Every structure is written in structure tokens, then in C-alpha cells.
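Q: Pasting in a structure now, in C-alpha cells, and then I'll have a few things to ask.
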Amino acid sequence: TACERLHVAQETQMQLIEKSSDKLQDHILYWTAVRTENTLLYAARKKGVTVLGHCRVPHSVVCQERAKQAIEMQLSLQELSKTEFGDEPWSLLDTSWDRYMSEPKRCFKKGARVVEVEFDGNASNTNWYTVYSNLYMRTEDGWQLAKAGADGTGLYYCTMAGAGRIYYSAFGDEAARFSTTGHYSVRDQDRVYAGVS
């Protein structure tokens with residue numbers, strides 16, 4: 001029945017990806033199925049299983065990690081749905097591990113845009129950063145909405161626990177890698193910033 005439970009858990013993921021729902025509950029469901037699959041697979045690995053039915057069992061370290069990630073997503077999302085934010089539309093990508101682990105780390109993110117940094121007054125000396133306008137992060141006071149942006153210093157988010165911009169990236173650290181002079185200019189949307197290191 002570990003073989004049938006595996007089939008259902010894999011089929012659930014495949015059904016929900018096709019559907020591509022904008023409801024949080026479908027994504028809770030998707031991650032709980034990812035959890036189930038990798039838990040069973042990990043349990044199979046401990047017992048020395050290498051093929052369960054018609055699919056190969058990944059290395060135990062791999063199954064263990066995929067299950068742990070899915071536990072974290074499941075529980076996090078379940079908490080989210082119990083907040084004011086649960087009502088909002090959530091896609092597969094909004095609730096994906098890479099989005100969650102993108103900077104800043106361990107928060108869900110919607111509203112992507114590209115920030116462009118030019119390094120030595122040199123149009124060919126350039127780099128780009130994906131910034132999310134809407135960030136949902138757990139405080140000791142549940143989940144809360146934060147906004148992210150860029151200025152001359154770096155990429156930052158602001159909250160009302162300690163009023164001010166809180167930087168998760170510093171452009172001076174970027175210019176220390178990609179510039180020869182230390183100066184750079186930052187284009188976020190309709191604003192251009194200057195900076196130095």
C-alpha cells in the first residue's frame with residue numbers, strides 16, 4: 001500500500017500542476033503530497049529499497065531534504081491561510097520553494113520586477129536583480145506583509161516593528177565584485193539612484 005500511496009501522491013502533484021490553481025488550499029494540498037512522496041521514499045530507503053514499483057528511490061539524503069522542504073512549505077502555507085493573506089490569489093510559482101528561498105530567504109513573495117545596476121558608468125557593465133513588491137514573512141506576531149524595493153544602498157524591505165528600510169542586499173558589495181571604480185547607478189522602476197563603495 002506504500003506503492004499505491006506513492007502513486008496517489010505523485011498523481012496529486014501532476015494533477016495540481018496541470019490545474020495551476022490560484023487558491024492557497026490547492027497549494028497546501030500539493031506540498032502535503034510532496035511530503036508524502038518523499039517521506040515514503042525515504043522510509044523505503046531506510047529499509048534498503050532501491051526500486052518501489054516502477055520508480056527508482058532517490059538517495060536517502062535527497063528524499064529527506066525534499067520531504068523537509070515540503071513539511072516547511074505545508075506548515076507555513078497552513079499558517080498563511082489562517083491569516084488575512086489566505087484570501088488572496090496564490091499561484092504555483094508564488095508558493096514554490098525557489099520563490100520562498102529567493103532573497104530575502106524564508107518568505108513568500110508576489111509581484112516580481114527587475115532592478116538593473118550599471119557599474120562603471122559603463123552600459124556594458126551591468127547586472128540585474130529580481131525584486132518582489134509583496135513579501136509575506138513570519139514575525140513572532142504571525143505573518144505580515146512587507147514591501148521590497150531598491151535604492152542607492154541596496155535591496156531592502158520595510159516593516160513597522162522597527163520603522164525603516166532593512167537591507168538584505170548591499171550594492172556596494174556588488175560593485176566590489178563587478179566594478180573597477182566603485183560607482184554604480186540603480187534603476188528600479190521610474191527612479192534612478194547613484195551609489196559608491
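Q: Hey, with R₀ at 35 Å, roughly what FRET efficiency would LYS82 and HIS59 work out to, going by the Cβ-Cβ distance, to 0.05?
A: Approximately 0.50, to the nearest 0.05.
Q: Greater than 22 Å separation of Cα atoms is the criterion. Which listed pairs, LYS68/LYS105; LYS82/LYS110; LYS47/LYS68; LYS68/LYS147, meet it?
A: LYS68/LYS147
Q: Using a simple spin-label model with points 7 Å from Cα along the Cα→Cβ vector, what separation in nm is obtained for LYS47 and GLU18?
A: 2.9 nm
Q: Given a Förster distance of 35 angstrom, what is the FRET efficiency for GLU72 paired with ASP190, based on the Cβ-Cβ distance and rounded to 0.05?
A: 0.45
Q: Can you compute the helix-only [θ] at 222 nm over the chain? Use -39500 (n - 2.57) per DSSP H run of at least 4 residues, normalise by all residues, nearest 500 deg cm²/dmol.
A: -12500 deg cm²/dmol
Q: Using a Förster distance of 45 angstrom, determine the FRET efficiency expected from the C-beta separation of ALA112 and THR1, and round it to 0.05. Present the calculation step by step, with values, prior to reporting the outcome.
A: Details: r = 42 Å, r/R0 = 0.93.
Calculated transfer efficiency: 0.60.
Q: Obtain the radius of gyration and the Kirkwood radius of segment 44-192 from its C-alpha atoms and give Rg over Rh.
A: A ratio of 1.10.
Q: Residues of segment 100-114 with amide nitrogen under 20 Å from the 7 Å Cα-to-Cβ point of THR153?
A: Under cut-off, by backbone N: 103-105.
Q: Order of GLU37, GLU116 from fewest to most other C-beta atoms within 10 Å? Please list the in-between numbers first.
A: Working: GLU37 23, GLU116 14.
By the 10 Å Cβ count, ascending: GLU116, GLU37.
Q: Rounded, prolate or oblate, given the Cα gyration tensor of segment 1-96, with a/c below 1.5 counting as rounded?
A: prolate
Q: Another question, if that's okay. Looking at the chain as a GNM with Cα springs under 10 Å, which of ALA150, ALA70, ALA175 has the largest mean-square fluctuation?
A: Highest fluctuation among the options: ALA175.
Q: Just rank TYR168, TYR193, fewest to most, by other beta-carbon atoms within 10 angstrom.
A: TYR168, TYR193
Q: Kindly identify segment 131-170 as rounded, prolate or oblate by the Cα gyration tensor criterion: order the square roots of the eigenvalues as a ≥ b ≥ c, call it rounded if a/c is under 1.5, otherwise compare a/b with b/c, prolate if a/b is larger, else oblate.
A: Details: a/c = 2.52, a/b = 1.71, b/c = 1.48.
Prolate, because a/c is 1.5 or more and a/b exceeds b/c.
Q: So how do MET73, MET101, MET137, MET160 line up by other beta-carbon neighbours within 10 Å, fewest first?
A: Ordered by Cβ neighbours within 10 Å, fewest first: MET160, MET101, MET137, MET73.
None of the figures in this text is laboratory data; all of them are computed from the coordinates on show. With ideal geometry, Cβ positions are generated from the backbone for all residues, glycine too; neighbour counts draw on all protein chains shown.
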